[PDB]
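Here the Cβ positions follow ideal geometry from the backbone for every residue, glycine too, while neighbour counts run over all protein chains shown. Any read-out appearing in this document is the output of simple, stated calculations on the displayed coordinates, not a laboratory observation.
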RNA sequence: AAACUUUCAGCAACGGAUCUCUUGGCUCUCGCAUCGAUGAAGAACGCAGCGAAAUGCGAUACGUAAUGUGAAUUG
RNA sequence: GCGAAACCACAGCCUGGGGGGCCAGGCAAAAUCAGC
RNA sequence: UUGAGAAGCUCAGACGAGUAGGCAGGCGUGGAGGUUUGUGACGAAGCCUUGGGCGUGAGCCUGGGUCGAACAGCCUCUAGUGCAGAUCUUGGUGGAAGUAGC
RNA sequence: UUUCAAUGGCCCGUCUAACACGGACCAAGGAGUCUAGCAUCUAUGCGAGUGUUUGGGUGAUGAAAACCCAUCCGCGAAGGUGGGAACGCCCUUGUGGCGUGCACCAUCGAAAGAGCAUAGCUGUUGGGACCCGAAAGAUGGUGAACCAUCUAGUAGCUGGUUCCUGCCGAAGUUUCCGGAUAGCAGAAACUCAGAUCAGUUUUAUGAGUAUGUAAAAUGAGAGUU
RNA sequence: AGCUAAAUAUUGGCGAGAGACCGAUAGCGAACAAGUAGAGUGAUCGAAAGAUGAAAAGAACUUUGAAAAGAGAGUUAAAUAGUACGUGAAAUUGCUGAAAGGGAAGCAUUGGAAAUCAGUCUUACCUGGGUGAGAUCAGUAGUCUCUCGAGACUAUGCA
């Protein structure tokens, strides 16, 4: 229920992702770093702060 | 071969588990379980419920508590009438094999439940299926 | 499969919860495959493709024909096995029970009271659309409908010269059981699609190929989710010879076996993280007087020039050697 | 790290200076008769992977901050934790009012907007 | 040096690409069966208030009668 | 006064050496017209 | 010490022409579904530029002028999808020249 | 950016050293596409099975969509001995011993189904078949040769065939009979860490300084289809 | 010797609904006057050509000129929309400005001279005391939504 929601939203399509050219950014309002990383995405990471 | 040819994201998970288990342990089991998940569908042939019951239970019938392990599909043989108390662990089970093991027998496992039962792969058998189609 | 919430709170038309619950249908434990749906939905979306072709009666000259004219017996439709179709709706309904595959799919359900959201049976007799906007605001689903209303834009290009002028989003999907006004009540709210529980479509459960469609379930159609898909070991009653698929991984979460007590007891001693950079420069032990002592623990006693002679060095030159020297 | 470029003159397709039909974007020549393909000395150079720039100081402006197209007021918000490695480049079709509100907020986040001065005459 | 030629830039010309449209085409689908010696299809000529690669019409001629709508036509 | 068209890689000095262009030389001033 | 997009991160060595050919990753164009609480009469697309920026490159982002209604990024699907050349097709315009010539 | 200085810089494509052939310039058009069949590889679904779409049922919200499916039908349908993957017990820690030995290969006996469907890639044939060009003939007419139509007549061939970067990268001679086999370059599977090799040099045996044969040096992981 | 519906075919005829089609060299030859203009004695062949503006408000009036037009003017938000009319690319032509040019330019590399452009550099930062403000403070009183307390508040003090 976590790697399920990262191999769906982290690699196929997530509505918050922004294809940058050296990075990718997450448009979520509960992101702590602004980037769409594994240890950063608020959807896959299911205990967050 | 370094990454599976498939896009089954329930099989990127297994490779993410057995390529961890390949490098943090000293077993060549995990360096053989991983060395098969990359192989294509024609390279992992099926193996029947009768050839499994014949492989373990022969000569002295040493079938005490070892889990047969095939990285393929455990199909059925219906010419086998009675099924012994077996225990298998494969990716796919056909719906007539999974109901012919449990009806009188033991456990049907994915390689997940194998890695929490024999993490270093002791007390197992690592069988294959016949690659031979005799012309194809 | 592994473990999920057993009972779902079934809501009311006013927004308050109700004491009665229902078991989680066995479909919601089916595989979530962002890959199989992309392969079926790709093939099911090309089945209502009306053909096209130039008239049948040199492609470099102007006024000339076009190179290899398009022809109406192009393969416009595509076959897909019924067990891969039946796999996709199984997987795309399970995605509709995950609260996080709905946000990433672009839904503003960040206020919805529960997932899967099951409103009561009385919602099947709602008659006027002001009794549907009523419902979608008590349970805070109307923020999705506003996402559809706020966001129609004129179609980019020549879709609009071709009878499609307005693109917009996809609001909730209301799955009913008996059509007693529920279709006609909701069918003039933007975004809202209404489908019977039996004839569920993939082009509405995963629009665009992206799973996680916001589904609002009706209690009378939530019950029929165990007779349409059945279970993993029990036949679906509304389908001959259907059994729900199972998984290649028994626990749906692979980074939480690695950290278990079954694995981390046996593993060998770990190495470090990203390693330190050793030997960044090639120091020279002839021209550096510190690396020389690191390599050779003899530089503290050499005495390269020992006086092994004195003034008293004797000549050692034989007569017969000097005779053969100065011969000729 | 000080930014550096392995080349500053772009590559310019062969004989795209003489003829006006031939455009200046680079196209590798396809004939073995060519002087250029065999790489005769004196002829122009070619795009190769040798001129690839540093994998850390890539995509960076000469200042050191990489670019980022902010096309509305909630696209500069993501740059809150990245104000010392990104410059908020505003997109071109953004109106001359929605532009003047990105500037007044990016300035609070300390983010460099590269072309904040467009359409905005100050008084 | 001026002129002339070449090059750059600005302006004026030429020219009609690009972009945007679209009462047109093309394709698929659905319903229907209806020309003529009671003079058909087609042709010629005419007819408009002012009409000129067009339309409608037949000397009752850019049409009458009958019904319906209801106060226009237009340069 | 009216007014084309063929044609048009870019072109236009000579000597020698491997041709208009290469190498080494002779040299080299605009702008044009009539014989040739 | 946080550097878990494990499709990420990190350390170290060797190597670098390339024809027929083989393999891989990407760039761009017209339409389709999904997405950006997307951009737009305070000026969208286009176009021009002795302006700036990025990428090895195909290309992209942008300032100024012009202009006047639509348009784009991301993930997929789709093809009538990329031009220097074919004594190439159509259109436009040159030198020969105010020469030949009436 | 314009220009100056120094140094370099034979015009592009097609051909087969130069050539020839194409090129006045600019714009827009413009060339391996669709379909059927076969085969390989990969992906997925099910699995001794597999395939809904000829049809039927259903579908009030594009009802040509989605969904369900009867009766046929198509394709398919258990021997020892040596190795050898792996895994136990070891005690010479290991080494080695010891037991069970999958696939595949030898050996002697006479063999426990792997397929079906869909999609993608490349290839191959068949259609207009990458574009363009190459006298023809027929049928029916017009006028005393011409006009449409089949025709999108005909290449062994002539020209052209449209984005970037990276990696590997030949032969250009045979051997038989334009087809082969081998070779060179490649992809997977599966062998062995050994004396398995080596456009190589030694020593020894012979052979009439050269000749070939075997087990030393030197390097390098080799081999199978 | 004979008849007969329905299931079936339908690039035509009278209508209809559509489309992952083309978007003025495309899609029918024909979006416009189109089998029209035009070519051939004839059978037959057979094109080019769409867009001012929201509204024509389509430029009154004065003047030069035989005319065509031109200039002052004037309408428009726009004449940088004037029927040679939406945007207006390239070739190509003329003028103006700056350069260069001794029987070849063209381009590449390194720099001079002229012109010109950008860079956040504008300012910001950080550190004590005093004065005032209050709130997440009160040895404080109340409301609501959630779950004892977590937020939103309304008072009152601002210790």
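A few comments on the model shown:
- Residue that is farthest from RNA strand H (Cβ to nearest atom), among those in the stretch A:1-32 that are under 25 Å from residue C:256 (Cβ atoms) and more than 11 Å from the chain's Cα centre (by Cα): A:2
- Qualifying residue in the stretch B:42-50 (condition: away from chain C (no Cβ under 14 Å), near RNA strand H (Cβ under 6 Å from one of its atoms) and more than 25 Å from residue C:36 (Cα to Cα)): yes
- Selected residue (criterion: nearest to residue C:217 (Cα to Cα)) from residues of the stretch C:154-173 that are assigned to a loop (DSSP other than H, G, I, E, B) and more than 6 Å from RNA strand G (Cβ to nearest atom): C:172
- Any hit, the stretch D:79-93, residues being within 12 Å of RNA strand I (Cβ to nearest atom) and more than 14 Å from every other protein chain (Cβ to nearest Cβ): no
- Conditions (1) under 28 Å from the mean Cα position of the chain (by Cα); (2) closer than 24 Å to residue C:47 by Cα: number failed by residue C:141: (2)
- Scanning the stretch B:95-116 for residues being within 9 Å of chain C (Cβ to nearest Cβ), in contact with a helix residue (DSSP H, G or I) (Cβ under 9 Å, 6 or more places away or on another chain) and closer than 25 Å to residue C:235 by Cβ gives a total of 1.
- Among the residues here, residue A:35 qualifies as more than 7 Å from chain C (Cβ to nearest Cβ) and within 9 Å of the chain's Cα centre (by Cα).
- Qualifying residue in the stretch C:40-53 (condition: within 14 Å of chain B (Cβ to nearest Cβ) and within 30 Å of residue C:200 (Cβ to Cβ)): yes
- Matching residues, the stretch D:35-63, being touching a strand residue (DSSP E or B) at 6+ places or on another chain (Cβ under 9 Å), assigned to a loop (DSSP other than H, G, I, E, B) and within 15 Å of RNA strand I (Cβ to nearest atom): D:35, D:36, D:61, D:63
- Pairs where the first residue, in the stretch C:46-58, is farther than 16 Å from residue C:68 by Cβ and the second is more than 8 Å from RNA strand H (Cβ to nearest atom) and assigned to a loop (DSSP other than H, G, I, E, B), C-beta under 9 Å, 6+ apart: C:51/C:72
- Restricting the stretch C:29-83 to residues that are exposed (fewer than 13 other Cβ atoms within 10 Å of the Cβ) and closer than 21 Å to residue A:12 by Cβ, the residue that is nearest to RNA strand I (Cβ to nearest atom): C:46
- Search result, residues across the stretch C:221-244 that are crowded, with 16+ Cβ neighbours inside 10 Å and either more than 26 Å from residue C:82 (Cα to Cα) or facing chain B (nearest Cβ under 10 Å) (or both): C:232, C:243
- Meets criteria (exposed (fewer than 11 other Cβ atoms within 10 Å of the Cβ), part of a loop (DSSP other than H, G, I, E, B) and within 11 Å of RNA strand H (Cβ to nearest atom)) for residue D:31: yes
- Within the stretch C:90-106, residues that are at the interface with chain A (Cβ under 7 Å from one of its Cβ atoms) have Cβ atoms under 7 Å from residues that are part of a helix (DSSP H, G or I) in these pairs: C:101/C:95, counting only partners at least 6 apart in sequence or on another chain.
- Selection status of residue C:48, farther than 27 Å from residue A:17 by Cβ and away from RNA strand E (no atom under 16 Å from the Cβ): no
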